[PDB]
Ligand SMILES: O=P(O)(O)O[C@@H]1[C@H](O)[C@H](O)[C@@H](OP(=O)(O)O)[C@H](OP(=O)(O)O)[C@H]1O
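Residue numbers (the authors' numbering): 235 to 321, 350 to 527, 534 to 673, 689 to 894, 961 to 1004, 1022 to 1037, 1043 to 1129, 1166 to 1557, 1586 to 1698, 1718 to 1807, 1863 to 2074.
Written out as structure tokens, the structure reads:
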């Protein structure tokens, strides 16, 4: 560290960054809080700090020493950090000048330092203020409490020193400093311009200088080298988020806003902008607006800062300032901001201005405003509709008509002069071809008006769809789109309108291609494609009656496109083909096209996309179409197999099956006619491979998904069949029919939401919901059957849409309908994890600020440990934020209570997050009555509710809060137990308990609190056993038991009181008396009478006949513990009561539905068994295709060259890297496929081999060494870099595991090229530290978990070790000295010793000191024997070569792993050898190998004596002799005890050179 260098100070405990900012006009220093998930990423320019050194010469900075005074300066404000009297005694603030001792500071090192050596950068230090001799500290008191959710935190000083107040230094790149300085200069120039504007006098040259400033700022913001384009029209491909944030914090946006506002405040006027005098001012406003547009691109914070000014841009609209385009961009960026900004006056202004200009371009602004992210916004849509469809704006809308004149289309428009002109469309198009400017202008205006109508009608806006449909008929639209004279763009507009108005309408409904649940009677005996399509042919024809000719047009147009030599030669036709393909996709998904027609169309589509944003989108849509056709084919296959099953069942049982006969037809089905393409699959697969190469990410993802699915047809169909459901019983058939009808009606009503929202529709929907509630049924098994039926029906999506329906809080009828819907969802999710998964998929909608949907979410999360594991901190945060904002009722707490527990299992992480959030929120969310006055208020409410407690009472809210807190206490969790102890004192608990009259439920809650937070403490609490709160609680408990018994004697008793006692009091008493901590209680001699009375109360409780049998047994166990405690606590029992206690001790010592189902299940199982090998046979074909993609493409093509160069594989690897974060499943699939490619070839049996031969012959034309060649090819293509990047950056366990597996497979065989590539990557790359740190951290976590399980008595952390150790062994295989030395010393800034980590792992696994003592038999079991063997092999690989440094490290490590290594040989491993002796022999052999490798080539004796110290020669000789004799008892196995003994003998011979006794013993008779 040197003076004049800028760095950042970071707090470890607080995980926050110090900063200085002008909160309310005054500069203040604070520890800003960050809501990000990565503290290191919370870096701001204003948080930069500079270090200044104090020297004798004021101009001399030099380099700071550990004993030199230091000062902290702000790189932006320039003020210096200092401490001043706090109105904590001193508070940190910023001063303008450093000419005072206050700014002086010193850095106390946290660790040892090299005397007065220069301070190293990025070293922990503690700030100390020498001016007043006070130590800096951190506090949670905010400085900006005035604002909700404060971020600024106070940093005071303490007279004493605290070791936790350590600040870490972080370096800063020169780029940040340069950007900050340039931004400051630009801000100064902008301030000068603002001063000129405020003065109202500015020279022409000065204004030109301002324009030049704006141009330079435009260049800087664009970040694109200037190419001569206008700054106003500058184009930026991607903005820089850091630069935008720098501008925002510098307030350059504020400067621009002031520059725009001040002239109109005048120096300039909006009307006067037309004047040449104010033309340069208008140009400067335009520059400001373009700069704002570039600044706010893709930045929500900048968008919010602009929204703060939304008023001024709204006023600026209607003037030549590009406000329209800027506002449209900003509004399209975010939908919520659009909902805030949009207003009816703004819509009217847009209509008025577009009318004023009579230009097409205005309409585009409204068109873009209508939709965002291509997703419609109902409010803006309706607002635009209301203004557009009004007759007043009929002038702007060009009316069109069809007249015979066989038919012709005419257009009438109105000019600004009000003159009306009407012309034929065909004549207008011909005049356009001629080139008339007016005709072109009217055509463009017409096109933009149709585009605006289409965007208005987007997402089924029936409020305005009707009028537009009436104005433009289907026949008119088809005539227009069929007309050839019309330009391609206008035809495309007509096609888009046709798609978005008529085709997408109520009569049409999205059809799910695959139906899981079918009826047995429905199944046809004989099935063909025609029979399959006959199921809904009548409905298809009925719907076709309206749009029949359009399908003919689309089919013919696609035939023409495929016939065309070059598909995408012309862009004007590219637009039209995009529109036509989109229309085809919508028609297909609406189901107009039959299965045979879809198969016919697949050929044309694949030809079109078989050998530009529009082209890429067209290809993507065609891929989606193909996916739909393939899934329809899957459904057809399922139906055919079901038909075969029906035929066989009918034959056998008219009222022994030929399973082989069924299986033959099943195999034949998979295989002909079903094939999408004529070639037989080659066309499709080639299309997919070619698409994978293209740049577009969604296109590549879809191509890869289709390619993977194409080679897994059989397994998917088998899964679908196993999930098929059959209806055979009349009751369930009737239920299915009723559900279908009700769902159809409900879907229609939801679709016409717009019409029936505000009627009879309300009552109809309420009746439908009641019928559904009755339909859901009762009975657990009946419930699961009905849930399966409902999931098959797919009504969940309909109900989710019903919830999505918009509404106003005033509609109580719609509230009741929502309650019915929530009950329906509850019944769907009632004890069904499968259904709950579907709900979690769409949970994003469920996250709303409402009690009823919160309860529904609770019921969704009920009993799902998978969902608890995958829970999200942001979701929990938003829940606690809901509590903080409102905290109205207990349902919020009940949700958290449900989340806490799952399957009677504890998740420590969620509990910790809940406790932390509760503490951070503080008294606002947590309300406690600890204070006497608050307890008095609680007493008042308790007395009011003494007769009864209301279901929404604040008393019950407090009780629920207490229960929630105790639930977090469950689990003997020390970390949260400390917080609970801080939260609530036993003295408050005793006060409230000892109150004369208390609520029974409150008492249960507090006893539960005691049971969890205090009794179940992991760490002994001294206050518990040094305090009398527990004895006061026990006397109260005994009084309560006496009350319960007297009540039952009186025949009048309170179930709440009885439940309180039985449940909480008994458990607390038993836990206390069985507590190991309480075994040393020394006040029991004083409370002898109290404890004896408690035991008497328990005796009476057991004597009571009313006590339940389960309660009786639990009480008997508790009383056994009570007596065991009572033996020696200075308590003498009465004679009769002692006899009764002895009796207690004695007691403690004392057509066929089911036939059809079974037949189907047996057939499914037989088919699965038969087709098991063919699945792998098909899968292997994908590996062969990936190995040889070029054979697919005709030789001599450009694709052939690219494939031969390995381009396809490299693109696959790079795309895997790019998509690891977005499509984790596809990333994992690609990684596993790469592993399969690397793996050795394996035979698949006779049938599998035949299938593979046929598949390869059809797909391809015909055109350890192999493993090494494949490994080298993958390394060249970039597999090594992909693996390194994944291992460094992935946060997914599956991704990490697959990456490590790919590494192991690549390195298999000790490939020197792969090892050298890994070494080069690690050494050259800057992420070597990240890679090694990830591996070392995983190893350390596994070691910690291993210690935990050893203490307890096998964990993903341990299981992940095997691949990591294998990877390290393979890296060091073949005695690679470079790698072996690198692992020990990476020579990086932080060096992690993987060798010592492995040795420590072995030590902890074997038991460390106890293992050395010789408890290896107990410590090692069958499960971990493989891991121990792998660790020993890895250590041997490290040692061999020989690596002298590694050998010395292992022998001299402080863990004494050598002791365990030798103990392994000597110890018998008795528990294991009895059952699995071969593993013990292998362990001993590996240990001997490691010991020999340790002294491979060490001439010195140091290692020999170190080994001999633990390994006495006599034991070694006895082991060798024992092994030789045990040879005879050998059983069949690869390991040989004679070989093990020979290796041990060789080790003994090597050791004997330094030991005379060993030599003498080894000498034979
Ligand atoms: O990823 P998102 O949705 O944008 O949210 C980010 C983050 O969650 C915070 O809102 C904010 O950090 P602070 O809380 O530290 O302000 C940050 O802005 P920033 O770049 O101004 O920090 C955001 O970008």
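All C-beta atoms, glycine included, are put in the ideal place defined by N, C-alpha and C.
- [ ] Rank 1673, 1511, 1319 and 649 by C-alpha distance to the C-alpha of residue 1373 and give the top, closest one.
- [x] 1319
TODO: Use the C-beta contact count for residue 313: other C-beta atoms within 10 angstroms, 16 or more gives buried, fewer gives exposed.
DONE: buried
Open item on the list: Below 8 Å on the Cβ atoms is my contact criterion, and I expect residue 1869 with residue 1792 to pass it. Report the Cβ-Cβ distance as a whole number of Å.
Closed with: 6 Å
TODO: Taking only the alpha-carbon atoms, compute the straight-line gap between residue 1957 and residue 1057 and give it to the nearest angstrom.
DONE: 58 Å
Open item on the list: If contacts are defined as beta-carbon pairs under 8 Å, then residue 1370 and residue 1415 qualify, I think. What distance do you get, rounded to the angstrom?
Closed with: 7 Å
TODO: Please work out which residues of its chain come closer than 7 Å, Cβ to Cβ, to residue 432, disregarding the five sequence neighbours upstream and downstream, and give them in chain order.
DONE: 241, 242, 244 and 384
TODO: Confirm the yes/no value for this check: CB of residue 1254, any heavy atom of ligand 1, distance under 7 Å.
DONE: no
Task: Close beta carbons around residue 2047, own chain, < 6 Å, minus the five adjacent residues each side - done: 2036
TODO: State the Cα-Cα distance for the pair residue 1749 and residue 1740, rounded to the nearest angstrom.
DONE: 8 Å
Task: residue 1624: first and last residue of the uninterrupted beta strand (DSSP E) it sits in - done: Here residue 1624 belongs to no beta strand (DSSP E), and DSSP marks it neither H nor E.
Open item on the list: Using DSSP's beta-bridge definition, name the partner residues of residue 366.
Closed with: 305
Open item on the list: Tell me whether residue 276, by its Cβ, gets closer than 7 Å to a heavy atom of ligand 1.
Closed with: yes
Open item on the list: If distances are taken between C-alpha atoms only, which option among 1952, 1973, 1946 and 1898 comes closest to residue 1919?
Closed with: 1973
Task: Cβ pair residue 521, residue 418 closer than 8 Å - done: no
Open item on the list: On the DSSP bridge list, what partners appear for residue 1077?
Closed with: Residue 1077 is not bridged to any residue.
Task: Which listed residue (464, 482 and 1064) has its alpha carbon closest to that of residue 1711 - done: Coordinates for residue 1711 are simply not present: the residues of the chain run from 1698 and resume at 1718.
TODO: Mind the definition here: the segment 1253-1263 touches the segment 1217-1230 only if three or more C-beta pairs lie below 8 Å; say whether that holds.
DONE: yes
Task: Selection from 1093, 1086 and 1060 that minimises the alpha carbon distance to residue 1077 - done: 1060
Open item on the list: Using 8 Å as the threshold, is the C-beta distance between residue 1724 and residue 1672 below it?
Closed with: yes
- [ ] Since I believe residue 1349 is in contact with residue 1361 (beta carbons under 8 Å), could you give me their beta-carbon distance rounded to a whole number of angstroms?
- [x] Actually they are not in contact, since the Cβ atoms of residue 1361 and residue 1349 sit about 11 Å apart, beyond 8 Å.
TODO: May I ask you to report which of helix, strand or coil DSSP gives residue 2075?
DONE: Residue numbering for the chain in the displayed model covers 235 to 2074; residue 2075 lies beyond these limits and cannot be assessed.
Open item on the list: In whole angstroms, give me the CA-to-CA distance for residue 2006 and residue 1779.
Closed with: 34 Å
TODO: Tell me whether residue 507 counts as near ligand 1, meaning its Cβ is closer than 7 Å to at least one heavy atom of that ligand.
DONE: yes
Open item on the list: Just verifying my parser: in three-state terms, what is the DSSP assignment at residue 1494?
Closed with: coil
- [ ] Buried or exposed for residue 1889, please, with buried defined as at least 16 other CB atoms from any protein chain shown within 10 angstroms of its CB.
- [x] buried
TODO: Take residue 1665 as the anchor and find which of 1677, 1675, 1477 and 1650 has the nearest alpha-carbon.
DONE: 1650
Task: Inter-residue spacing [alpha-carbon to alpha-carbon] between residue 1807 and residue 1931 - done: 15 Å
Task: 7 Å CB neighbourhood of residue 832 in its chain, flanking five on each side removed - done: 761
TODO: For residue 640, name the three-state secondary structure that DSSP assigns.
DONE: strand
- [ ] With distances taken Cα to Cα, identify the nearest neighbour of residue 1040 among 602, 1104, 866 and 965.
- [x] Placed between 1037 and 1043 in the numbering, residue 1040 has no coordinates, as the chain goes from one to the other without interruption by modelled residues.
- [ ] Compare the Cα-Cα distances from residue 984 to each of 1030, 1084 and 1027 and report the closest residue.
- [x] 1084
Open item on the list: Taking 8 Å as the threshold (C-beta atoms), are residue 776 and residue 730 in contact?
Closed with: yes
Task: Coil, strand or helix - residue 985 by DSSP - done: helix
- [ ] Measure the C-alpha to C-alpha separation of residue 1683 and residue 1590 and round it to an integer number of angstroms.
- [x] 33 Å
Open item on the list: Pull the bridge partners of residue 250 from the DSSP assignment, please.
Closed with: 245
Open item on the list: Per DSSP, what are the beta-bridge partners of residue 431 in this structure?
Closed with: 243
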